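A short worksheet on the structure shown next.
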Amino acid sequence: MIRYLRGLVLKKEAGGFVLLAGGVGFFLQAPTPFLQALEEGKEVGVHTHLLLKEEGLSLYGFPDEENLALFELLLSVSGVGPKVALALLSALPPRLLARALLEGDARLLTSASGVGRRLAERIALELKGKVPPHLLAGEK
Amino acid sequence: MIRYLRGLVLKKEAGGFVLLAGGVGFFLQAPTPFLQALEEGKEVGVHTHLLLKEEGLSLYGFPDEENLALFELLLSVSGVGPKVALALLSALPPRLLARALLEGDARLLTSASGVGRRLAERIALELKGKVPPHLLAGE
Amino acid sequence: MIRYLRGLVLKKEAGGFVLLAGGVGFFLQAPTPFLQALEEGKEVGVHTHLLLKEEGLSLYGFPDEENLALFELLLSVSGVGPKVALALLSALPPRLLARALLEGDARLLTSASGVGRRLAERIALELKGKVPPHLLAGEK
Amino acid sequence: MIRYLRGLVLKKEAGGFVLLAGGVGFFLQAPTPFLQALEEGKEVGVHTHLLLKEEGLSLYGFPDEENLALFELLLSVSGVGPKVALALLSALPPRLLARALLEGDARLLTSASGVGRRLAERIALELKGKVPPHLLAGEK
DNA sequence: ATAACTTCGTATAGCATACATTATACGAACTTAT
DNA sequence: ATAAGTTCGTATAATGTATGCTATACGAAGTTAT
DNA sequence: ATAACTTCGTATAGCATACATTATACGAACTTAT
DNA sequence: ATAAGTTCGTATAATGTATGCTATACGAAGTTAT
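Residue numbers (the entry's author numbering), protein chains in the order written: chain C, 1 to 140; chain B, 1 to 139; chain A, 1 to 140; chain D, 1 to 140.
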């Protein structure tokens, strides 16, 4: 339904984050690691998904560029509840998406501050070595 | 999903009002003293939460950068009408700033009226400990 | 939530029309005497009321100049838009409600054709008689 | 509710594409001949019915000149299994309207393929006066 | 005892689509002037 | 008795909806000769 | 003559509670001044 | 010896089987010179 909304924001919350278009303001919670950066700007480039029933409407969050690969890999739709799907994903340590990734897939669902999800062979092949180019740093 | 609309109002209704914006015409139900102080000459910073119940699909309003999360007090099984669905303020004690809502935990809002319920263990925990710069004024 | 739509309209259909407010196009079904003459000419001040149904969702775009009292009077919790408040104006097409009301509020809403709507419409005496409106003609 | 969307498109995907000119980014799934190498105009205009449910969170699109009658004629039972209906399954083969459904208003939907049952009496009334002479080649 | 206050109590709200489209151009029988 | 209105209760047409079978790479029959 | 040349179509598992599994911050366990 | 002290063990996020029904005009009590 919704992908890659841009909005506007100048605010950060410990468990929250919002997007403004000027007249309406969207609320989107992004994965915990990268919220320490990527706060101020005219665009945050967030992918979305949402629940439709029983008073639970709230857009989800994911990093800039394109990272729905993360959501597809870590959906866990089998009755996990909204308390997890919004934020508790990074089983990987991507700190800049170009510094710790592509290191022989050891930092690609192999060994990190996670639980050992025991899944691979899909994102790694799809990666096609696009990690290095022009991502050596982040953004404010 | 939606939070912190903005704009200016031109109409006043006993049940609520509407917000002037591009596209659709946004409908907003807000507490009674808030709407009286929020005329066309005051900017309408509604911090909606969109409490939806079938036909009751409408936004809501609150004083700008204040009094938000009244849902923590007004959580209920089913809101029969707007008069319980966040169109309050006729009742709870403080007015014109919600300054007496905490008052440094000196007075609690539960026993000031017969419509509230005993929630002393939850009223105290609020940003009041940070001593916000809100003080008596025309706000 | 939505009350006062504004946007672009250029089409006339036997079941209704469409409204373009940029980005999306809203589908609106005006009452029978309204759309039969008033279709296009500017960003029309067509009002709004949403509906819930199992086999159809749309808008109902009531006439301009604050005529939503019509839907408010004719709506029931068990009613359906295509069959209620939109099919209750045939055999009674007042060309202009301001003309039919000015100094004739009681007459038009009391002694007109029909024997069913009056029981509820008796409230509508005071709704429109506020100020002299600029409804001397239509639009095309 | 929503009909005749329009916005910014720059991406081609095997399932569909996105539309994010203003506010959210709408996900659009065009039919097979359109999706087969019709992409990236200035702005694209697509119809829909907004058949959005809990499991399926996508909305569909169709050629930029009318053709919601195509969805009306293509309406199929949307089962649990994917790749059914979803704006796909275009029985007609045409490269474009004027290219391969001209020469009368019956040839467009007579003896096309498969079943081969004529259904002109329902559809021939709409595009007969607008298909020629434009729309001879695809838009890049 | 009662007029004119002041003060305390009380102070909104009707309807079942118990499968989801209340219908536009014909025949029968009149009625007049054919 | 029928030519020509007139009226009304006759009365639309197949519409179009609501928890689970589709894409793909393999055998193979038959080609052509004797 | 055997071998060498057209056509050629089809082999992803889990649906049946939708409410118990996970970031942190106290603590026993270490070195050395009898 | 040993207390303190190093580094790994500890610990929190729903009510769906569910939905129909508290609501601001004026009724009633009390004092004085009517």
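Using N, Cα and C, we set each Cβ at its ideal position, and we do this for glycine too.
Cβ neighbours of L92 (chain B) in the same chain (closer than 6 Å, five flanking residues each side left out): Here residue 92 (chain B) refers to the residue found at position 92 when the second sequence is read from its first residue. Hits under 6 Å: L109.
Closer than 8 Å to chain C by CB, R118 (chain B): For the purposes of this step, residue 118 (chain B) is identified with residue 118 of the second sequence, where counting begins at 1. Not an interface residue.
Figure out for me which residue from C:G79, C:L127, C:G104 and C:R99 has the closest Cα to the Cα of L136 (chain C). Working through the first sequence from its first residue, we reach residue 136 (chain C) at position 136. It is C:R99 whose Cα lies nearest to the Cα of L136 (chain C).
Would you identify the three-state DSSP class for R107 (chain D), choosing helix, strand or coil? In the fourth sequence, residue 107 (chain D) corresponds to position 107, counting from 1. Correct three-state label for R107 (chain D): helix.
If you count every other CB in all the chains shown that lies within 10 Å of the CB of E121 (chain A), and 16 or more means buried, which is it? For the purposes of this step, residue 121 (chain A) is identified with residue 121 of the third sequence, where counting begins at 1. Flag for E121 (chain A) reads buried.
Along chain C, in chain order, which residues have C-beta atoms closer than 7 Å to that of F27 (chain D)? By one-based count along the fourth sequence, residue 27 (chain D) stands at place 27. Near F27 (chain D) (Cβ distances below 7 Å), the residues of chain C are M1 and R3.
If we call anything under 8 Å between Cβ atoms a contact, is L59 (chain A) one with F27 (chain A)? Residue numbering aside, residue 59 (chain A) sits at position 59 when the third sequence is read from its first letter. Residue numbering aside, residue 27 (chain A) sits at position 27 when the third sequence is read from its first letter. It is a contact, given that the beta carbons lie within the stated cut-off.
Compute the Euclidean distance between the alpha carbons of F71 (chain D) and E55 (chain D), then round it to the nearest angstrom. Position 71 of the fourth sequence, counting from 1, holds the residue named residue 71 (chain D). Position 55 of the fourth sequence, counting from 1, holds the residue named residue 55 (chain D). Those two C-alpha atoms are separated by around 21 Å.
Between the C-alpha atoms of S76 (chain B) and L127 (chain B), what's the straight-line distance to the nearest angstrom? For the purposes of this step, residue 76 (chain B) is taken as the residue at position 76 of the second sequence. For the purposes of this step, residue 127 (chain B) is taken as the residue at position 127 of the second sequence. When rounded, the distance between both Cα atoms is 24 Å.
Own chain, CB closer than 7 Å to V115 (chain C), minus 5 neighbours either side, in chain order: Working through the first sequence from its first residue, we reach residue 115 (chain C) at position 115. Excluding positions up to five away in sequence, the list reads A91.
Just the Cα atoms here: how many angstroms apart are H134 (chain A) and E103 (chain A)? Translated into positions along the third sequence, residue 134 (chain A) becomes position 134. Translated into positions along the third sequence, residue 103 (chain A) becomes position 103. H134 (chain A) and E103 (chain A): Cα-Cα distance of roughly 15 Å.
Check the Cβ of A21 (chain B) against every Cβ in chain C and list those closer than 8 Å, keeping chain order. Translated into the one-based positions of the second sequence, residue 21 (chain B) becomes position 21. Per Cβ cutoff of 8 Å: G23 and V24.
Helix, strand or coil at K128 (chain B) [DSSP, three-state]: For the purposes of this step, residue 128 (chain B) is taken as the residue at position 128 of the second sequence. Note: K128 (chain B) maps to helix in three-state DSSP.
Nearest-angstrom Cα distance between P63 (chain D) and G45 (chain D)? Translated into positions along the fourth sequence, residue 63 (chain D) becomes position 63. Translated into positions along the fourth sequence, residue 45 (chain D) becomes position 45. Approximately 7 Å between the Cα atoms of the pair.
Beta-bridge partners of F27 (chain B), as assigned by DSSP: Reading the second sequence from its first residue, position 27 is the one you call residue 27 (chain B). According to DSSP, which records beta bridges pairwise, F27 (chain B) is partnered with B:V18.
Among B:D105, B:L35, B:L20 and B:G129, the one whose alpha carbon lies nearest that of residue 140 (chain B): Any answer about residue 140 (chain B) is impossible in this case: the structure gives chain B only from 1 up to 139.
Taking the C-alpha atoms as reference points, what is the distance between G41 (chain D) and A124 (chain B)? Translated into the one-based positions of the fourth sequence, residue 41 (chain D) becomes position 41. Translated into the one-based positions of the second sequence, residue 124 (chain B) becomes position 124. Cα to Cα, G41 (chain D) sits roughly 58 Å from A124 (chain B).
What residues of chain D sit near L57 (chain A), judged by a beta carbon separation below 8 Å? Numbered from 1 along the third sequence, position 57 holds the residue referred to as residue 57 (chain A). Going along chain D in sequence order, the residues near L57 (chain A) (Cβ under 8 Å) are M1 and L50.
According to DSSP, is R99 (chain A) helix, strand or coil? As a position in the third sequence, residue 99 (chain A) is number 99, starting the count at 1. Three-state result, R99 (chain A): helix.
Whole angstroms are fine: how far does the CA of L68 (chain B) sit from the CA of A37 (chain B)? Within the second sequence, numbered from 1, the residue matching residue 37 (chain B) stands at position 37. Within the second sequence, numbered from 1, the residue matching residue 68 (chain B) stands at position 68. For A37 (chain B) and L68 (chain B), the distance between alpha carbons rounds to 17 Å.
Rounded separation between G61 (chain A) and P132 (chain C) - CA only: Looking up residue 61 (chain A) in the third sequence gives position 61. Looking up residue 132 (chain C) in the first sequence gives position 132. Rounded to the nearest whole angstrom, the C-alpha separation of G61 (chain A) and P132 (chain C) is 53 Å.
Could you tell me the alpha carbon to alpha carbon distance between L51 (chain C) and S113 (chain D), rounded to whole angstroms? As a first step, residue 51 (chain C) must be located in the first sequence, where it is residue number 51. As a first step, residue 113 (chain D) must be located in the fourth sequence, where it is residue number 113. Cα to Cα, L51 (chain C) sits roughly 41 Å from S113 (chain D).
Comparing alpha-carbon positions, which option in B:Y4, B:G22, B:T32 and B:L8 lies nearest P94 (chain B)? Counted from its first residue, the second sequence places residue 94 (chain B) at position 94. Nearest of B:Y4, B:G22, B:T32 and B:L8 to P94 (chain B), Cα basis: B:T32.
Suppose the cutoff is 8 Å on Cβ atoms and the five residues either side in sequence are ignored; what does the same chain contact list for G22 (chain C) look like? As a first step, residue 22 (chain C) is located in the first sequence; it is residue number 22 there, counting from the start. Taking C-beta separations shorter than 8 Å and ignoring five residues to either side along the sequence, the partners of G22 (chain C) in its chain run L8, following chain order.
Where DSSP assigns a beta bridge to residue 197 (chain A), which residues make up the other side? Residue 197 (chain A) falls outside the range modelled here, since chain A spans only 1 to 140, and no answer is possible.
What are the boundary residues of the alpha helix (DSSP H) that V84 (chain C) is part of? Position 84 of the first sequence, counted from the first residue, corresponds to residue 84 (chain C). Here the alpha helix (DSSP H) through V84 (chain C) covers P82 to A85.
Coil, strand or helix - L135 (chain C) by DSSP: Counting from 1 along the first sequence, the entry for residue 135 (chain C) is found at position 135. The answer is coil: DSSP assigns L135 (chain C) none of H, G, I, E or B.
Would you mind giving the Cβ-Cβ distance between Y4 (chain A) and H47 (chain A), rounded to the nearest angstrom? I have them listed as a contact below 8 Å. As a first step, residue 4 (chain A) is located in the third sequence; it is residue number 4 there, counting from the start. As a first step, residue 47 (chain A) is located in the third sequence; it is residue number 47 there, counting from the start. Between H47 (chain A) and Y4 (chain A) the Cβ distance is about 6 Å, and since that is below 8 Å, they are a contact.
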